[PDB]
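Presented below, as structure tokens, is a lone chain in the form deposited in one PDB entry.
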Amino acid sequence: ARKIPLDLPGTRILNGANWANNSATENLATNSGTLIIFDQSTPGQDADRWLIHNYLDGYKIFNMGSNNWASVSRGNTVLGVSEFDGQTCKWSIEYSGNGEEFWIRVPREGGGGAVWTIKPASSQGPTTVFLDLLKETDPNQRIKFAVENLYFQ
């Protein structure tokens, strides 16, 4: 509950009422990562289901449908990448102090890493994940983990 659900591959990642989806690329040329889309609809089998596991001093976040890891992009966004990279796929997961909400943060020595920030990309959506400086009162930065056979079945 202030507990991160590890090794539970049916876990949904929520911001508010929306949950995170990811899909494997259909592009032919080399792809640098796919968007993490927050909504209340799921695009493909298991696209909304995530596995969180320890990785060194942090965590790795894996999508069961896309076979991608959530990763720090070079453009201050969070994208799903098809191969694990320890330099981009490790996250700090820090309890916010409220409820069951957490911040998912770029690892940074001394703290202060930028955090997952769920925002519409345009007035027409979609709503995706950015890496912005932490504002402790910003609802768009608060992440919750909804466990299968608890909040939903």
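Take the two forms, superpose them, and find the largest set of C-alpha atoms that agree within 1.5 Å; that set is the rigid core. We number the residues from 1 along the sequence you see.
Taking only CA atoms, the mean B-factor in the PDB entry is higher for 1-9 than for the other of 144-152 and 1-9. Set 43-51 against 57-65 and average the Cα temperature factors; 43-51 ends up higher.
Between the residues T117, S123, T34, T88, the entry's highest C-alpha temperature factor is the one at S123. When the CA B factors of the chain's modelled residues are split into thirds, the value for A70 lands in the lowest one. Ranked against the other modelled residues of its chain, the C-alpha B-factor of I104 as given in the entry falls in the lowest third.
In this PDB entry, the Cα temperature factor of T137 sits in the top third of its chain's modelled residues, the highest group.
Although not depicted, the form deposited in another entry is the subject of the following passage.
Here the two forms are overlaid on the core, and between the shown form and the other one the C-alpha of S32 is the only one among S32, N67, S96, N54 to shift by 2 Å or more. Superposed on the core, the two forms differ at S122: its CA moves 2 Å or more between the shown form and the other one.
Inter-residue distance, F84 to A121 (Cα): increased by at least 3 Å in the other form versus the depicted form. Relative to what is shown, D138 and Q124 are closer in the other form; their C-alpha atoms differ in spacing by at least 3 Å.
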